[PDB]
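Here is the structure we will look at, set down as structure tokens.
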Amino acid sequence: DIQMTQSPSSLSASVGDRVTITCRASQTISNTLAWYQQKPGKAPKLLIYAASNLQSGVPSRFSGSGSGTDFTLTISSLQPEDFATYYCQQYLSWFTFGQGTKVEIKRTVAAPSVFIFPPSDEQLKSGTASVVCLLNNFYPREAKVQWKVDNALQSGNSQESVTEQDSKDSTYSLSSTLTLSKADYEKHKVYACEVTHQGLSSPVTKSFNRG
Amino acid sequence: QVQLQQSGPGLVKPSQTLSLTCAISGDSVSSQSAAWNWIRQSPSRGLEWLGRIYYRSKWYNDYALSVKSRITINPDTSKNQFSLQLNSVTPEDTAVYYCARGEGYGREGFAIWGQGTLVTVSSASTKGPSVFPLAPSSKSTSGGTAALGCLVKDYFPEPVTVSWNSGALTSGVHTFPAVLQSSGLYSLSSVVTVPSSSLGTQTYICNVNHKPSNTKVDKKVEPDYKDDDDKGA
């Protein structure tokens, strides 16, 4: 069988940069290579076939080169919408794929806009309280979210989720959800979300008082 | 143009059979200038071609060695579809499954893909989500931006889809990846930021659809107890 290996596994580049990603076949495949672009929650999209032929409907900033065992995909001028995982695939034999290269956009620092949401009265009726902290449209990805309940730092009772990089502004958003029983929730007054991020001069706290 | 529409259950019990269908529009399953494929994607399998069917005055199949003993891909010339059957599934079979067209035999890449079907191999039962509003404080709107959302909690299996105002509102929407809770049920939130000035002229509704349980919930999200149909205090 044929092994396809991509390098690097991931990269970060600025808008307008020339980006090159490589794909190595374990044996010669001549020109029997395709490149795909895959955006979050979507099927892979064919960009190049026969190593260097541009697929219909794909922008000319994408180009493929190479032959034999060593292939390259070049994006001449990286655009924010080009955030994706790119895959190569051989079709000399039984359609094997490379492991993908994740391309992320490097941009200027952007502080998150922070919002805190109390649990709904409807959820409280059911016996549980979910408290949500939203960090909206920030860059870079690295952020620290700490929960405080009546000024006591919380541990092990929250879960975070982060969006994939935005296709227009190249930012991330993050949710942190603090889950408590209704009884634990009603035993306390002040619910606070403390956010640390490079774009903030000091940590930002959003809070509410129960009731 | 050619379109591929996938269907079939996204939950299969361990040891049982996964069954999916790919419906073709704009081409024929029996085309002598195409081949019809199934390809899956997961952290354990990466992108993995599973097999193909194609007609050249006779039906032909090819299956990947990894699944050859358990797979069947059959054409339906009445419905213009092709199926995927994978027997005796295990948790290693949990993946997003795609159908795809290859011009000719596939020697020019796979140009047309279906939307994908997430198939989860689990003994757990389907459960529809509870949907709660994420209503911001009146104070948090003073900066010109209001963040609103919906918490989509305690469902199984993935996925859920969330739209806003029946798909009319897309700008500023962020639907987060789901997290698996200690209960073994998923939870996610979907948020949108809008101008604060719109909170009293525009209505915001999240439309949640969990296809495995046929659950559809449309939750209005606004910040006034005065006008409530059901009064308290």
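Chain labels run A, B, ... following the order of the structure tokens; each chain numbers its residues from 1, and ligands are numbered from 1 in the order shown.
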
With only C-alpha atoms counted and 6 Å as the cut-off, give the residues of chain A in contact with chain B, each with its shortest interatomic distance in Å and the pair that gives it, as a tab-separated table.
residue	atom	partner	partner_atom	distance
A:34	CA	B:109	CA	5.7
A:46	CA	B:111	CA	5.4
A:49	CA	B:108	CA	5.7
A:91	CA	B:107	CA	5.8
A:117	CA	B:136	CA	5.7
A:163	CA	B:176	CA	5.5

Write to file, as a PDB file, in the first residue's frame, the residues of the selection just made, with N, CA, C and O atoms.
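Result file follows (result-v9.pdb):
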ATOM      1  N   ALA A  34      -4.093  14.272  -5.716  1.00  0.00           N
ATOM      2  CA  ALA A  34      -5.116  15.311  -5.555  1.00  0.00           C
ATOM      3  C   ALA A  34      -4.880  16.045  -4.243  1.00  0.00           C
ATOM      4  O   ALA A  34      -4.363  15.463  -3.280  1.00  0.00           O
ATOM      5  N   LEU A  46     -12.343  19.355  -3.423  1.00  0.00           N
ATOM      6  CA  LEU A  46     -11.221  19.127  -4.330  1.00  0.00           C
ATOM      7  C   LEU A  46     -10.652  20.445  -4.852  1.00  0.00           C
ATOM      8  O   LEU A  46     -11.392  21.260  -5.416  1.00  0.00           O
ATOM      9  N   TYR A  49      -6.037  18.317  -9.046  1.00  0.00           N
ATOM     10  CA  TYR A  49      -5.926  16.910  -9.407  1.00  0.00           C
ATOM     11  C   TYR A  49      -4.781  16.805 -10.427  1.00  0.00           C
ATOM     12  O   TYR A  49      -4.295  17.829 -10.929  1.00  0.00           O
ATOM     13  N   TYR A  91      -3.915   8.459  -6.102  1.00  0.00           N
ATOM     14  CA  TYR A  91      -4.825   7.566  -6.790  1.00  0.00           C
ATOM     15  C   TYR A  91      -4.092   6.702  -7.837  1.00  0.00           C
ATOM     16  O   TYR A  91      -4.697   6.235  -8.813  1.00  0.00           O
ATOM     17  N   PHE A 117     -23.943  34.649  31.704  1.00  0.00           N
ATOM     18  CA  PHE A 117     -25.358  34.311  31.641  1.00  0.00           C
ATOM     19  C   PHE A 117     -25.758  33.453  32.831  1.00  0.00           C
ATOM     20  O   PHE A 117     -25.202  32.368  33.050  1.00  0.00           O
ATOM     21  N   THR A 163     -14.498  27.706  19.481  1.00  0.00           N
ATOM     22  CA  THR A 163     -14.844  27.612  18.069  1.00  0.00           C
ATOM     23  C   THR A 163     -13.570  27.482  17.233  1.00  0.00           C
ATOM     24  O   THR A 163     -12.464  27.827  17.677  1.00  0.00           O
TER      25      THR A 163
END

Inset, instruction - Output as an MDAnalysis selection string all residues of stretch 22-72 of chain A that backbone DSSP marks as strand (DSSP E). - result: chainID A and resid 22:25 33:38 45:49 53:54 62:67 70:72

Inset, instruction - For each of A:19, A:180, A:4, A:73, take the minimum atom-to-atom distance to residue A:97, counting only C-alpha atoms, then give the residue where this is smallest. - result: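 With only C-alpha atoms as the atom set, the closest residue is A:4.
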
Legend entry - Who sits within 7 Å of stretch 207-209 of chain A, only C-alpha atoms, same chain under 4 positions skipped, as a list in words: residues 116, 189, 190, 191, 192 and 193 of chain A

I need the residues from that last selection saved to file as a PDB file, in the first residue's frame (with N, CA and C atoms), if you can.
ATOM      1  N   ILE A 116     -21.600  37.142  30.800  1.00  0.00           N
ATOM      2  CA  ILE A 116     -21.982  36.097  31.735  1.00  0.00           C
ATOM      3  C   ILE A 116     -23.502  35.927  31.691  1.00  0.00           C
ATOM      4  N   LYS A 189     -24.448  33.572  46.366  1.00  0.00           N
ATOM      5  CA  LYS A 189     -24.986  34.796  45.798  1.00  0.00           C
ATOM      6  C   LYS A 189     -24.245  35.315  44.543  1.00  0.00           C
ATOM      7  N   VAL A 190     -22.931  35.460  44.627  1.00  0.00           N
ATOM      8  CA  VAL A 190     -22.138  36.079  43.568  1.00  0.00           C
ATOM      9  C   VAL A 190     -21.462  35.052  42.656  1.00  0.00           C
ATOM     10  N   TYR A 191     -21.805  35.132  41.355  1.00  0.00           N
ATOM     11  CA  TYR A 191     -21.242  34.251  40.337  1.00  0.00           C
ATOM     12  C   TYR A 191     -20.393  35.105  39.425  1.00  0.00           C
ATOM     13  N   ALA A 192     -19.105  34.769  39.334  1.00  0.00           N
ATOM     14  CA  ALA A 192     -18.147  35.562  38.569  1.00  0.00           C
ATOM     15  C   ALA A 192     -17.290  34.762  37.642  1.00  0.00           C
ATOM     16  N   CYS A 193     -17.075  35.332  36.460  1.00  0.00           N
ATOM     17  CA  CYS A 193     -16.208  34.750  35.445  1.00  0.00           C
ATOM     18  C   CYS A 193     -15.017  35.702  35.286  1.00  0.00           C
TER      19      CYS A 193
END

Inset, instruction - Just the residues within 12 Å of residue A:179, please, counting only C-alpha atoms, with nothing from its chain fewer than 2 positions along; format it as a ChimeraX atom specification. - result: /A:118-119,123-124,127-133,147,149,154-160,176-177,181-185,191 /B:153,181-182,187

Inset, instruction - Fewer than 4 positions away in the same chain doesn't count, so skip those; otherwise give me all residues within 12 Å of residue B:93, counting only C-alpha atoms, as a ChimeraX atom specification. - result: /B:10-18,39-46,48,50,66-67,70-71,85-89,97,118-122

Inset, instruction - For atom CA of residue B:2 and atom CA of residue B:24, quote the distance in Å rounded to one decimal. - result: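 These two atoms are separated by 7.2 Å.
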
Legend entry - Gap from atom CA of residue A:99 to atom CA of residue A:87 - Å, one decimal: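 Separation of atom CA of residue A:99 and atom CA of residue A:87: 6.7 Å.
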